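Here the structure is laid out as structure tokens; the discussion comes afterwards.
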Amino acid sequence: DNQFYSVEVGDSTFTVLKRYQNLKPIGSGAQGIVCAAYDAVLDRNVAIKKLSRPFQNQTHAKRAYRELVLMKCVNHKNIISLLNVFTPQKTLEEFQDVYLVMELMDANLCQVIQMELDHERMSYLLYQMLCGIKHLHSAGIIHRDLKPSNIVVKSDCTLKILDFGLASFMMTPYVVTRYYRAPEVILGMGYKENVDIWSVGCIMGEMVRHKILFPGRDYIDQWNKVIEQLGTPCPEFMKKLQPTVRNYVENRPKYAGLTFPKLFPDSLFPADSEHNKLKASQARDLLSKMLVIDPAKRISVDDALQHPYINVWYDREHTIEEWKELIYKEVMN
Ligand SMILES: CC(C)(C)n1cc(-c2ccnc(NCCCNS(=O)(=O)c3ccc(O)cc3)c2)c(-c2cccc(O)c2)n1
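UniProt numbering puts the sequence shown at residues 45 to 211, 217 to 364, 383 to 400.
See below:
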């Protein structure tokens, strides 16, 4: 009469409560594998993410502990919330895996980027991105690593963020996606709230261009990509850079950088209607303000919420045994 039951989805086995039914794998992530499921008690479809051995790696333990506490303490329409968290194990010594259950989203943000989008839906998704980020900054947390895959979207166009961002050796085949990190992050510079606006910029720019704006195998490669299109930073930005970092940047060959109408041509935006001609004007303008290498020139989230394109929609270190106990107490208050 165990309330849990074990099923194998993908290679790994999933042990879940009886309430969850017809498990199917929607995706796989480093922290854990995710399955779509139906809740007999809820009568609604849900997504279940399995964290296996979050305690085995200190980096995994810090992320796992932070995710559990944050999903509970913070609740926002644009931030994914956990409906339930369970572990099949019955004691602290037996505990090995943690299962997080949340609301099932229809698609990933990457998929939305691929389709050709209308300004209203685009401005709405971006608006929601700023709202969640604004809530995060209100909570004192700066994501610093917004990525399309971490942003889930629904058929009705509602957008939700999956993770709370960076807080570091890990030993796996999975590779981080750094395309959407800001220059202050790429150059290890000291950050601020509007470090996430750059990520929103890379995303908004990828929706228009339908390609990753600054894709690079390494931070150096990516920094070359950012300076080519954007242009070499100003001297004031250099003075802000530490000397060892400043030397590298100034040694980089200088690029004049394309112009934003040249970066995002008028053709990429729809020109069918006067309203769409104006929207593209408002869109290209917002892009120019968000994709700014210097954070002092970059636009604030609030000002981006005020922007006409966006405005219309508005109405610690522990031992692995210590980490296991910390995570276990989070699973069971
Ligand atoms: C990192 C972690 C573990 C926190 N995480 C949490 C989630 C998560 C949470 C809530 N809802 C979702 N579902 C919508 C996107 C799924 N992709 S889908 O192939 O289009 C698809 C959609 C519906 C379907 O029935 C069959 C396939 C995902 C993901 C995740 C999984 C796959 C891709 C991805 O980008 C992210 N990762």
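Backbone N, C-alpha and C define an ideal beta-carbon position, used for all residues, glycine too.
Subject >> As assigned by DSSP and simplified to three states, the class of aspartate 315 >> reply: Position 266 of the sequence shown, counted from the first residue, corresponds to residue 315. In the three-state reduction of the DSSP assignment, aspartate 315 falls in the helix class, which pools H, G and I.
Subject >> Buried versus exposed call for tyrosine 229 [16 or more other C-beta atoms within 10 Å across all chains shown] >> reply: Residue numbering aside, residue 229 sits at position 180 when the sequence shown is read from its first letter. With at least 16 other beta carbons inside 10 angstroms of its own, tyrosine 229 counts as buried.
**OP:** Grab the span of the beta strand (DSSP E) containing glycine 76 for me, first residue to last.
**Re:** Here residue 76 refers to the residue found at position 32 of the sequence shown. In this chain, the beta strand (DSSP E) harbouring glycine 76 covers 76-83.
**OP:** Check whether the Cβ of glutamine 291 sits closer than 6 angstroms to any heavy atom of ligand 1, and report yes or no.
**Re:** Taking the sequence shown and counting its residues from 1, one reaches residue 291 at position 242. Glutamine 291 Cβ: outside cutoff for every heavy atom of ligand 1.
Original post:
DSSP puts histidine 385 in a beta bridge; with which residues?
Top reply: Taking the first residue of the sequence shown as 1, we reach residue 385 at position 318. Checking the DSSP bridge columns, you'll see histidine 385 has no partner listed.
Original post:
Once you ignore the five residues that flank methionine 146 on each side, which residues in its own chain have a CB closer than 7 angstroms to its CB?
Top reply: Numbered from its first residue, the sequence shown carries residue 146 at position 102. Only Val90, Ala91, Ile124, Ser125, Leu126 and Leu127 meet the Cβ criterion.
Subject >> Element boundaries [alpha helix (DSSP H), containing residue 366] >> reply: One cannot assign coordinates to residue 366, given that the chain in this structure leaps from 364 to 383.
Subject >> Beta-carbon proximity list for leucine 169, same chain, < 6 angstroms, skipping 5 on both sides >> reply: Taking the first residue of the sequence shown as position 1, residue 169 is located at position 125. Listed in chain order, the non-local C-beta contacts of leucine 169 below 6 angstroms within the same chain comprise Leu203, local neighbours out to five positions each way being set aside.
Original post:
For the segment 63-132, which segments carrying the alpha helix (DSSP H) assignment without a break, of at least 4 residues, lie completely within its bounds, in sequence order?
Top reply: DSSP runs (the alpha helix (DSSP H)) wholly in the segment 63-132: 102-117.
**OP:** Look at the alpha carbon of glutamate 392 and the alpha carbon of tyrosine 171, and state the distance between them as a whole number of angstroms.
**Re:** Position 325 of the sequence shown holds residue 392. Position 127 of the sequence shown holds residue 171. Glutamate 392 and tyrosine 171 have their C-alpha atoms some 39 angstroms from each other.
**OP:** Rounded to whole angstroms, what's the CA-CA distance from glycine 184 to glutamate 384? Just pull it up for me.
**Re:** Against the sequence shown, residue 184 aligns to sequence position 140. Against the sequence shown, residue 384 aligns to sequence position 317. Each residue's alpha carbon lies about 20 angstroms from the other.
Original post:
Looking only at C-alpha atoms, which of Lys198, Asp207 and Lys121 sits nearest to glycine 73?
Top reply: Numbered from its first residue, the sequence shown carries residue 73 at position 29. Ranking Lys198, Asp207 and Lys121 by Cα distance to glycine 73 puts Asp207 first.
Subject >> CA nearest to the CA of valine 224, picked from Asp267, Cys117 and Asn46 >> reply: The residue given as residue 224 occupies position 175 in the sequence shown. Cα-wise, what sits closest to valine 224 is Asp267.
Original post:
The alpha helix (DSSP H) with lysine 328 in it runs from where to where?
Top reply: Counted from its first residue, the sequence shown places residue 328 at position 279. Taken as a continuous stretch (DSSP letters only), the alpha helix (DSSP H) holding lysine 328 covers 323-339.
Original post:
In the structure shown, what three-state DSSP assignment does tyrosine 49 receive?
Top reply: Counting from one through the sequence shown, the residue named residue 49 turns up at place 5. Correct three-state label for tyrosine 49: strand.
**OP:** With a 10 Å radius around its C-beta and 16 neighbouring C-beta atoms as the bar for buried, classify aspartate 141 as buried or exposed.
**Re:** Position 97 of the sequence shown holds residue 141. Buried, because 16 or more other Cβ atoms sit within 10 Å of the Cβ of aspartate 141.
Original post:
When burial is assigned at 16 or more other CB atoms within 10 Å of the CB, is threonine 281 buried or exposed?
Top reply: For the purposes of this step, residue 281 is taken as the residue at position 232 of the sequence shown. Flag for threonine 281 reads buried.
**OP:** Identify whether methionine 253 lies in helix, strand or coil by the three-state DSSP scheme.
**Re:** Position 204 of the sequence shown, counting from 1, holds the residue named residue 253. Looking at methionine 253 - three-state DSSP - the assignment turns out to be helix.
Original post:
Can you round the beta-carbon distance between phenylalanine 130 and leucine 61 to whole angstroms, since I take them to be within the 8 angstroms contact cut?
Top reply: Stepping through the sequence shown from its first residue, residue 130 is reached at position 86. Stepping through the sequence shown from its first residue, residue 61 is reached at position 17. About 6 angstroms; that satisfies the 8 angstroms criterion.
**OP:** From the DSSP output, in three-state form, read off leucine 144 for me.
**Re:** Translated into the one-based positions of the sequence shown, residue 144 becomes position 100. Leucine 144 falls in the strand class under three-state DSSP.
Original post:
Who are the Cβ neighbours of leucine 153 in its own chain at under 6 angstroms, not counting the five residues just before and after it?
Top reply: As a first step, residue 153 is located in the sequence shown; it is residue number 109 there, counting from the start. Around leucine 153: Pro192, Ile195 and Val197.
Original post:
For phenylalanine 286, does the three-state DSSP call read helix, strand or coil?
Top reply: Residue numbering aside, residue 286 sits at position 237 when the sequence shown is read from its first letter. DSSP places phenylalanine 286 within a helical segment (H, G or I) once states are collapsed to three.
Subject >> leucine 336 versus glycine 239: straight-line alpha-carbon distance, rounded >> reply: What you label residue 336 is simply residue 287 of the sequence shown in a count that begins at 1. What you label residue 239 is simply residue 190 of the sequence shown in a count that begins at 1. As the crow flies, the alpha-carbon of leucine 336 is around 23 angstroms from that of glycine 239.
Original post:
Closest to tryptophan 390 by CA distance: which of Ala108, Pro69 and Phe48 is it?
Top reply: Within the sequence shown, the letter at position 323 stands for residue 390. Residue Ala108 is the option with its Cα nearest to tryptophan 390.
Original post:
By DSSP, does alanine 151 sit in helix, in strand, or in coil?
Top reply: Here the question's residue 151 lines up with position 107 in the sequence shown. Look at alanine 151 here: in three-state DSSP terms it is strand.
Original post:
In the structure shown, what three-state DSSP assignment does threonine 57 receive?
Top reply: Residue mapping note: residue 57 aligns to position 13 of the sequence shown, counting from 1. DSSP places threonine 57 in strand when its eight states are reduced to three.
Subject >> Member of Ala81, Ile359 and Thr103 whose CA lies at the smallest distance from the CA of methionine 219 >> reply: Locating residue 219 in the sequence shown gives position 170, where the first residue counts as 1. Answer by Cα proximity: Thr103.
Subject >> Endpoints, the alpha helix (DSSP H) within which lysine 204 is located >> reply: Here the question's residue 204 lines up with position 160 in the sequence shown. Element bounds for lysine 204: not the alpha helix (DSSP H) but the beta strand (DSSP E), 203-205.
Original post:
By the 10 Å Cβ neighbour count, where 16 or more other Cβ atoms means buried, how is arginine 88 classified, buried or exposed?
Top reply: One-based indexing of the sequence shown puts residue 88 at position 44. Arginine 88 is exposed by the Cβ-count criterion.
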